[PDB]
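S.K.: I would like to see how this sequence folds:
(2 chains)
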Amino acid sequence: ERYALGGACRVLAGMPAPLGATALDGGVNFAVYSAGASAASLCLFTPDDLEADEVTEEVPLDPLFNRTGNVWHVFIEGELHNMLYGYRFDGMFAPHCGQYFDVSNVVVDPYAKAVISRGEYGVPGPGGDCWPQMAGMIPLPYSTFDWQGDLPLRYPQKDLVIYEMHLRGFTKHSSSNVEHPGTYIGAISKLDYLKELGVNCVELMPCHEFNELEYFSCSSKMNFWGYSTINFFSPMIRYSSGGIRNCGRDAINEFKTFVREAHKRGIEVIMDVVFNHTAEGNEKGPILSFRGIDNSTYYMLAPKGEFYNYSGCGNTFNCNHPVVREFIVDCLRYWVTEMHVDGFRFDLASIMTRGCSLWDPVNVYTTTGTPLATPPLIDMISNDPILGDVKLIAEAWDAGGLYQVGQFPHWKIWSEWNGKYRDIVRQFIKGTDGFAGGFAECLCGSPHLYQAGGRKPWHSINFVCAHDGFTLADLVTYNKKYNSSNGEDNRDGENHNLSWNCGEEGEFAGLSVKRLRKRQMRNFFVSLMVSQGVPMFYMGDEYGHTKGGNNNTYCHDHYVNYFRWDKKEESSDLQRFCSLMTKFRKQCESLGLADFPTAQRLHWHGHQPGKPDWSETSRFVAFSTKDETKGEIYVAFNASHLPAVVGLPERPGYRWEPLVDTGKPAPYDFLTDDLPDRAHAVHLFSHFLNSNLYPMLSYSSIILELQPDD
Amino acid sequence: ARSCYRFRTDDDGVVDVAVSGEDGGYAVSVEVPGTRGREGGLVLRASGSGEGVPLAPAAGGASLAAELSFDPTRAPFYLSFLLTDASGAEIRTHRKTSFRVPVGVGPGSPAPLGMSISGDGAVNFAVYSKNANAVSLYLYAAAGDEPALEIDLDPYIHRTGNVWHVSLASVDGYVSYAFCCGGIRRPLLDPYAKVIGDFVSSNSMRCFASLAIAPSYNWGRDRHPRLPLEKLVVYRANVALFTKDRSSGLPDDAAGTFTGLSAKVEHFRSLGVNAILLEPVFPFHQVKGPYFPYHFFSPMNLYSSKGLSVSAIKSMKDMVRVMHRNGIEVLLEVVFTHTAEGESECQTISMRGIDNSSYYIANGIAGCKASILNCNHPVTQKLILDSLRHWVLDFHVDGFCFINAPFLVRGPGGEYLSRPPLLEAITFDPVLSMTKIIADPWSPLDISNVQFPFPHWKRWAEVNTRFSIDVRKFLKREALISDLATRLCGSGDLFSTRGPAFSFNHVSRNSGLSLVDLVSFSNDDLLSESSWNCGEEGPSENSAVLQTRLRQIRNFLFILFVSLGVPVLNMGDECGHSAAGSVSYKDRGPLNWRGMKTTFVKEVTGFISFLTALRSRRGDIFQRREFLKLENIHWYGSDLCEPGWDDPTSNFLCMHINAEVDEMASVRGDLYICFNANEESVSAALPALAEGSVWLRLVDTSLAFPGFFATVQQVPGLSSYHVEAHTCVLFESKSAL
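M.R.: Numbers count the residues shown, from 1 in each chain, chains lettered A, B, ... in the order given. The relevant structure is shown in the block below.
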């Protein structure tokens, strides 16, 4: 007979599964894995006592009755949902053997669904404390969220247009005019704008719980992007308007509200996940969750016991260890089935293919970190009964030298961020010898990387710019990075950006340079929107967001990283062009294809029809494809510095009609029936269109449609 | 309880549906908000209905609502409808389909797999099937043969990924359920069912999952014995054959069940057995036998007194509790490499009909007629690990012996995997980290396993098949004494990094010849058995053949129990069980309890008890965690000379073992062991002893019962002893201090 909270609650043996805290039978069951611990204790906090750094109650765990195998467990009977919990472990302290057991640390359960540290973004704890004590939320016996009948959209992947968004930066600027700027609820007000832009899927930058003050003591910078995860089961509480109210329930419900509101408007949600390392760093870092439970299990360790650095962040998660495998699969399944997330994007995904140290001949009877052809974790994810039918995207490289673009172990299921597409398009559009054939291959979905292995064109995620590196506007303004505001003496950041400043460096230039820059942004968007594969572009690229030449802006909570709703209205022409081009892609049945295009549908042209130029000096690619809706379309890219008049394919009984021309001044860069001057503007080019000709500026693009003429 | 469904439309809109169980009819309400593209009202036509239900404004033109009602007694059905504006245009879903909504069943949840009951009493069903394009649920009433209720699952609402799920308000009036995959109307068994029905060969092979849940079992103060691996003595038994005969004394319909096994615990206690290894108890078909299982979560119903699944569960738990109360561990033989299903529709009962590609290896293996499981596929991995965790947590099982263990390293194509994932997952499962795992290379399939190093991680024990071959050859004057020396010391050539405790030694199992048949039958067809009939084939009346056979049986038992490792005894080898020279495990018969009063059974049981007690008393030699030091073992020949290691004519070996001195705390003597496999007597010399110390003889298998074992003559050091033909002797040095 044993009691815990002033004799009011009974303490029982409990069950070893499921891991974490679960509410049943008028109580909570606690279960946690620890192979190396010799003693364990459950610690409970009231919200007031957590602020004062005091444990309200301690329940020792008996090694006889409270331990099955390597799982410690206990049951408490009562009402505990207004309390927080943590663990205390005892054991060997030997950093040169990989053991970090210490009885004065209270660690957080890795399976906790909410972590309570601080309530407000950027504000430290009492005394300027940037790392106060953390504790986990204890669940309720029932659910408190109404999904209102939400059902999965299950869009085919070829129909997707992906919009990468930062949750806080989306509405943090004052010009958003939302009630709660920078929160999950604040972003709901702006989903109609995304719907009218033409996107149907949003990729969120890391929304797992992280410390934005993690290196605020040294230097003074924030951690804005959030690629340093503390708990994988929890949302970022300081992205919520409630804070720590109701012990994280309000934050969880706000995230669910955002997801439900996005699904109600026909928008899918893809989550960024960072499973390749942890905020605990190397041996000099803080002890929060994993190092205080099983360091040698959760991290990849060398013989002496120092941490491998394949992520370039301090440690490396031991992804292919069986316990870590179960943990990661459980986390992904939890997000899918409880938060209705439609898919995931994995950061530094090559780390998830490196081998575990358990297969060395010393342990059983090829060392740690050797890449594998069939990694068990990828096998478990691809063939999971639930996870096998969702969207899986891998960034197929890491910081340890691995580069697996086109050769990631896919099981014919996995998609990839195509960086070869990025490089080829960046080099071709700015004008460079020897990239016409690569450009034509990029336009077709890169069959040379995906067809042989049995994957489809839509497994390629095409992008020109991302959150890391230059924005679309800075791609045409700067020849080199300006990262001196980062405090690292311009050392950090990509050094080979493959950009061209269109003639002059900086935002102050002549009229012709600015005209050329606008042309080049339109050319980039046209190239993105007529390619086979899934197009993706970054938040604010649709109005020409600029970061001042800084191509690595991870440490600035500042308007350089905020969506400028005031500056968006000054650039309505580019936004209109992007919306119309996305609509055009949606309307054509020959643009997003389920299979690689054949030669009977797609024909390549040059300056003259039917004679493409694949020579090294060529800077001109043109094609025409048959469409079941529009009849036939014709696309041409002139990446040369010389204007040219091009001949159009001869189709007796028909004529070509102009639709897109990136050289023309707005709103005539895109022709719509809302324009009252459409017929007259078309008529003024009839003397060229009649004889199958079209004049092009340098660095321009055109799209034409075939229509009956009799 | 009401259910809600939100459908996206093909014109960028939302249709909201609610189904309420009105306090016995059903009401369906449809609400269409928003207005951009359609203005002049809508009519709800039931998927081409000539009639129509106009939608009326609800709160000022913001929403349009309609209501439909349905009379009771209607079995679960689907309502399908379309929307039309005042132009003729039709509004469909975003998948270009009519709006379809279930009436009478809920959507359900994808976890946990199988059948579960919520607090309110709702019954949830979930089953994985990637390849099936249509899944149906059948409910049966107490008899059934035809379904009382049939429910098709909507491919949109009743699926999450590749898991089909559905919820039911109540299953009152029903006792069983099954699944139908594809268009085939053959009812399949739930792979995750915990209670199953009767195996009925219809005119076919069908079994139904039960809708009842096992009642809570009160374990009491039950504790796992947690016996050390180096102190185990294992008895392998078949549940059916152990007590089936009339001579067992059990009441009828309780003989050959778990209760019959539990009723004979004093037999094991008197033998010195502290661990019992059961032959497979998973449900199976009588056509193929116990080594071809159908189901992985239930005991076989024929092993219970009442013949039902719940009775089997309670009986198995009772037997386990009785064993643990007596300090005896329970180990289970488990088959996870193949099933009892076939490559056609007539013999499909479960996984073959649900998802063939995931659960089974394509085309099987050449020269085989069994369904080989795809063990290293992640879904099968999950099923096997779930089964093991279920048995450990719910039945309090202490360990597992994996039949056909080498097959577990084969990949989907049949290739050999250098890093097999299922074995690694079993070894590092945190729940199972305290249970014993043993790998058995024997296979019931027609093909035979090839040999390779099994990955153990210093955790897996193995069944030592070389031990039996080498002991059999030595007693047949056909092996070098170096083989006997290797096997007596714990088989260091195979368990060097693990220790002698991981070697599970045996001289006879439930396949091949028994102990009695090993000294009675040797034809040219029994060459793979290394047997010697001692002069005459079959039963004999010659007085010398009988003496040689008795000596050989004593020698076999003695060599089994004085070696380093875990001794494993097969049921019936303590009482002269014989199978008339057959090597088929199916030819073994029920144990005969009548003969446990005669001379022979008494000698055998007393010798076994003496050997077990001696192993316990001298655990510093026989219950070690590490091999004996090379400085404490001396090998001798005929008269304290060098042994003939490479001469295949000296079938004689002596072993002198020096006791260690432990400074933690007592003087323990030495051991002298002699083995003579020759047909002629051999003179042996005893090693020189200390001052005032003598040799005390403990065993001489050529003597007469009682007396050939005694706990007796004293012999001074440097003396001479005459070792008879086919004789083994044991000495212990006692200080006359």
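S.K.: Which secondary structure element is home to the residue in chain B positioned nearest to chain A?
M.R.: The nearest approach of chain B to chain A comes at residue B:4, 3.2 Å away (Cβ to the nearest Cβ). Where C-beta positions appear, they are placed from N, C-alpha and C, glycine not excepted. Under the criterion of DSSP states H and E, residue B:4 resides in strand B:2-8.
S.K.: Show me what that strand is packed against.
M.R.: Contacts defined by 3 or more Cβ pairs under 8 Å, 6 or more residues apart in numbering or on different chains; DSSP states H and E place strand B:2-8 against strand B:14-20, strand B:99-103.
S.K.: I'd like to know how many residues surround the closest residue to residue B:596 other than its chain neighbours.
M.R.: Distance criterion Cβ to Cβ, 6 or more residues apart in numbering or on different chains; nearest residue to residue B:596, sequence neighbours excluded, is residue B:575 at 6.1 Å. Residues within reach of residue B:575, counting by other Cβ atoms under 10 Å in any protein chain shown, total 20.
S.K.: ok, now residue B:638?
M.R.: So residue B:638, with other Cβ under 10 Å, has 17 neighbours.
S.K.: Name the residue of the stretch 401-550 of chain A with the shortest distance to chain B.
M.R.: Closest point on the stretch 401-550 of chain A to chain B, by Cβ to the nearest Cβ, is residue A:411, at 10.8 Å.
S.K.: Report the spatially nearest residue to that residue, omitting neighbours in sequence.
M.R.: In space, residue A:411 is closest to residue A:382, 4.1 Å off (Cβ to Cβ, 6+ apart).
S.K.: follow-up on the earlier one: what residues are up against the residue of the stretch 401-550 of chain A closest to chain B?
M.R.: A:378, A:379, A:382, A:383 (Cβ atoms under 8 Å, 6 or more residues apart in numbering or on different chains).
S.K.: tell me the contacts of the second one?
M.R.: Counting by Cβ under 8 Å, 6+ apart, residue A:379 touches A:411, B:378, B:421.
S.K.: What separation do you get for the last one and residue A:325?
M.R.: Relative to residue A:325, residue B:421 is positioned 9 Å away (criterion: Cβ to Cβ, to the nearest Å).
S.K.: what is in contact with those two at once?
M.R.: Joint contacts of residue B:421 and residue A:325 (Cβ under 8 Å, 6+ apart) are residue A:376.
S.K.: What residues does the stretch 251-400 of chain B have near chain A?
M.R.: With Cβ under 8 Å from any Cβ of the partner chain as the criterion, the stretch 251-400 of chain B meets chain A at residues B:358, B:377, B:378, B:379, B:389, B:393.
S.K.: quick one: which of the residues you listed has the most company?
M.R.: residue B:378 (23 neighbours).
S.K.: Identify the nearest residue to that residue in space, disregarding sequence-adjacent positions?
M.R.: residue A:383 (4.5 Å).
S.K.: Assess the claim that the residue nearest to residue B:596 and residue B:597 are in contact.
M.R.: No - using Cβ atoms under 8 Å, residue B:575 is not in contact with residue B:597; the gap is 10.5 Å.
S.K.: Please enumerate the helices of the stretch 1-150 of chain B.
M.R.: Assigned by DSSP state H, counting those that start in this stretch, the stretch 1-150 of chain B shows no helices.
S.K.: got the residues of it near chain A?
M.R.: Residues of the stretch 1-150 of chain B lying near chain A (Cβ under 8 Å from any Cβ): B:3-8, B:12, B:14, B:16-18, B:94-95, B:109-111, B:128, B:130.
S.K.: Residue A:438: what secondary structure?
M.R.: helix (DSSP: H, G, I helix; E, B strand; the rest coil).
S.K.: Fine, thanks again, bye for now.
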